[PDB]
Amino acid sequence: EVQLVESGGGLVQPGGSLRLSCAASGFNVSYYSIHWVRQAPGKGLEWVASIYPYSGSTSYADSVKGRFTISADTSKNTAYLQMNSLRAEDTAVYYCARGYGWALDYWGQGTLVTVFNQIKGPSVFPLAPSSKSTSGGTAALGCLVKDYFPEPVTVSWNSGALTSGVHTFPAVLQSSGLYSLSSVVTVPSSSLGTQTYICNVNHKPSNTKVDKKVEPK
């Protein structure tokens, strides 16, 4: 019956602010320590802040001191992270976690904080079918989803009807500060030109919606 539910994540620009909420269920926040821990995409866990029971005393990571404030409202049974003067470094999933002695036992599902300078939708280019060899066999095809910000983008094939053999790669940050990725699928070479392959790309922050048909060249 114990649960912690984070909310308040969203898109924000550098210098902006956000207030995260950690709704406790099954226990009173005033009698446990509460902690914020963040995780950047593909990176490790990084502790942010802690608040302790009975006195409301607090601790902060060096890189957020003076910028973030942790607190708890006993009447509402909710903890908060006030995030001021946000920076690119702050983009992460933010987890709330309950103290278990010196450890953390229950973790929420996290809320996503995305710092952005300028939103940009992707360009989508076909990766034209290529046979593995001159004999029939397997062909690979794909879509290049390029020059967008921020993460994430969702990619499907044939509106979700094609899942086997799909690999949508983790995005890489280009030197431009914009993301790029490829989504590829291996298919029967004998199906090319008779089965249609369409990559469906959705980038919610820019309300970009692109369906790209990928044909033999």
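Residue numbers here begin at 1 and follow the sequence given.
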With B-factors read from the PDB entry, the higher C-alpha mean of 203-211 and 8-16 is in 203-211
Assert higher mean C-alpha B factor (74-82 or 90-98, deposited values) equals 74-82
If you compare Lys43, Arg38, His35, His167, which has the highest Cα B-factor in the entry?
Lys43
Out of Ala161, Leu192, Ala171, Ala49, whose C-alpha atom has the biggest B factor in the entry?
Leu192
Divide the modelled residues of the chain into thirds by Cα B-factor and specify which third, lowest, middle or highest, holds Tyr60.
middle
Chain-relative CA temperature factor third for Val113:
middle
Divide the modelled residues of the chain into thirds by Cα B-factor and specify which third, lowest, middle or highest, holds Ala128.
highest
Would you please rank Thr69 by its C-alpha temperature factor against the other modelled residues of its chain and give the third it falls in: lowest, middle or highest?
middle
Going by the entry, which third of its chain does the Cα temperature factor of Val153 land in?
highest
